[PDB]
Amino acid sequence: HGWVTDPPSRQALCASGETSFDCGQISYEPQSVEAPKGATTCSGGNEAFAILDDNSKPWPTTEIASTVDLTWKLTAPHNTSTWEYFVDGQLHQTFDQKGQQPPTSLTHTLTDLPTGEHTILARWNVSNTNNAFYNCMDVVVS
Ligand SMILES: [Cu+]
């Protein structure tokens with residue numbers, strides 16, 4: 001259980017009250033976007049949190065550079081295989097945790113992000129269950 005706090009994920013923005021609209025349940029537990037491995041959607045297909053997939057909402061975007069430090073807050077730092085970062089659905093970078101427990105405050109540097117408006121999906125794969133955690137970050141790269 002955990003989520004991306006900077007640049008803020010969609011669930012982070014819900015939890016911070018930064019969205020103009022009601023996100024529902026997710027605003028009370030941004031750490032909980034858990035779903036089976038292998039998805040490339042913002043909710044991972046977790047039906048409690050389908051709002052996270054809705055691109056029609058006016059999701060706030062964060063202005064970032066092409067290289068950016070991305071920070072997770074983990075409430076339950078499960079043993080981890082990989083952290084996979086996708087840009088608009090395509091795999092961009094992979095960080096190998098080698099089956100180890102990550103720190104509860106974890107920062108990864110993403111580089112070579114394409115300029116303009118994009119959505120980064122961070123997929124956190126748990127090494128000892130079939131679940132991953134799904135975090136979308138709407139960004140404008142310049
Ligand atoms: Cu968890």
Side-chain angles (χ1 to χ4, degrees), residues 1-16 18-21 23-142:
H1 280 62
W3 76 105
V4 175
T5 63
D6 190 40
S9 57
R10 292 186 179 178
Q11 54 262 61
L13 293 165
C14 291
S16 291
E18 287 288 335
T19 57
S20 53
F21 50 92
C23 304
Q25 187 182 332
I26 188 59
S27 302
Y28 299 97
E29 51 177 317
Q31 68 272 14
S32 301
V33 189
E34 186 181 27
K37 289 163 183 178
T40 50
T41 57
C42 300
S43 69
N46 185 321
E47 294 191 58
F49 307 131
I51 182 77
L52 299 175
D53 298 323
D54 191 349
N55 293 316
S56 74
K57 301 289 168 182
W59 292 104
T61 61
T62 304
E63 300 281 331
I64 61 166
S66 65
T67 288
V68 65
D69 284 359
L70 179 150
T71 297
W72 286 83
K73 173 177 180 171
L74 313 182
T75 58
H78 307 302
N79 292 78
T80 298
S81 52
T82 52
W83 308 84
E84 292 174 298
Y85 295 92
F86 297 79
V87 173
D88 308 321
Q90 281 70 59
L91 184 65
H92 184 79
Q93 280 174 249
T94 300
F95 292 78
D96 188 4
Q97 204 76 41
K98 305 202 166 189
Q100 300 173 11
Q101 172 179 321
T104 51
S105 182
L106 172 64
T107 298
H108 285 147
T109 303
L110 302 183
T111 71
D112 187 35
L113 295 169
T115 61
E117 189 169 1
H118 301 280
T119 299
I120 300 167
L121 172 67
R123 186 167 79 176
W124 168 22
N125 299 300
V126 176
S127 68
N128 52 26
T129 72
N130 194 48
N131 293 319
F133 291 79
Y134 293 81
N135 279 251
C136 277
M137 285 66 58
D138 299 297
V139 297
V140 181
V141 175
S142 69

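Start at 1 with the first residue, then count along the sequence. Reckoned from all heavy atoms, side chains included, excluding hydrogens, waters and symmetry mates.
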In chain order, what residues pass the ring pair (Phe, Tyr, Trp, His ring centres under 6.0 Å) check against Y85, with sequence neighbours excluded?
->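 So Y85 forms a ring pair (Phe, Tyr, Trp, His ring centres under 6.0 Å) with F95, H108.
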Mind listing the closest non-hydrogen atom pair of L121 and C42 along with its distance?
-> CD1-CA, 4.4 Å
What pair of heavy atoms forms the shortest contact from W124 to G2, and how long is it?
-> CZ3-N, 3.7 Å
Distance from [X] atom [atom1] to [Y] atom [atom2], nearest 0.5 Å?
{"X": "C14", "Y": "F21", "atom1": "SG", "atom2": "CZ", "result": "5.5 Å"}
{"X": "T5", "Y": "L13", "atom1": "OG1", "atom2": "CG", "result": "10.5 Å"}
{"X": "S81", "Y": "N125", "atom1": "OG", "atom2": "CG", "result": "4.5 Å"}
{"X": "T41", "Y": "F86", "atom1": "OG1", "atom2": "CZ", "result": "11.0 Å"}

Side-chain donor/acceptor of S43 to backbone N/O of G45, under 3.5 Å =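 Checked: pair present.
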Using modelled atom types only, decide if a donor and an acceptor are shared between the side chain of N46 and the backbone of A48 within a distance under 3.5 Å.
-> yes
Side-chain polar contacts of residues 58-70 - donor-acceptor pairs under 3.5 angstrom, sequence neighbours left out - could you list them?
from	atom 1	to	atom 2	distance (Å)
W59	NE1	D54	O	2.8
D69	OD1	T109	OG1	2.7

In chain order, what residues pass the side chain to side chain donor-acceptor pair (under 3.5 Å) check against [X], with sequence neighbours excluded?
{"X": "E29", "value": "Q25, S32"}
{"X": "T107", "value": "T71"}
{"X": "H92", "value": "none"}

Would you check if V33 and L52 make a side-chain contact, meaning some heavy-atom pair closer than 4.5 Å?
->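 Answer yes - side chains close enough.
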Under a 4.5 Å cut-off applied to non-hydrogen side-chain atoms, are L113 and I120 in contact?
-> yes
Disulfide (SG to SG under 2.5 Å): which pairs involve residues 45-113, sequence neighbours left out?
-> none
Disulfide (SG to SG under 2.5 Å): which pairs involve residues 46-118, sequence neighbours left out?
-> none
Scan [range] for pairs that pass salt bridge (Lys or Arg N to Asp or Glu O under 4.0 Å), counting only residues two or more places apart or in two chains.
{"range": "residues 100-119", "result": "none"}
{"range": "residues 122-131", "result": "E84-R123"}
{"range": "residues 36-48", "result": "none"}

With sequence neighbours excluded, give me every side chain to side chain donor-acceptor pair (under 3.5 Å) pair touching residues 95-106.
->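 Passing the test, one end in residues 95-106: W83-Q97.
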Return a table of donor-acceptor pairs under 3.5 angstrom between the side chains of residues 128-142 and protein atoms on other chains or two or more places apart.
from	atom 1	to	atom 2	distance (Å)
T129	OG1	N131	N	3.1
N131	ND2	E34	OE2	3.0
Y134	OH	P36	O	2.7
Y134	OH	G38	N	3.4
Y134	OH	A39	N	3.1
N135	OD1	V4	N	2.8
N135	OD1	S9	OG	3.4
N135	OD1	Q11	NE2	3.2
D138	OD1	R10	NH2	2.9
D138	OD1	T119	OG1	2.8
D138	OD2	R10	NE	2.8
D138	OD2	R10	NH2	3.4

Test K57 against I51 for side-chain contact (heavy atoms from CB on, under 4.5 Å), laying out the working first.
-> CA-CA 9 Å; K57 301 289 168 182; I51 182 77; 3.6 Å; yes
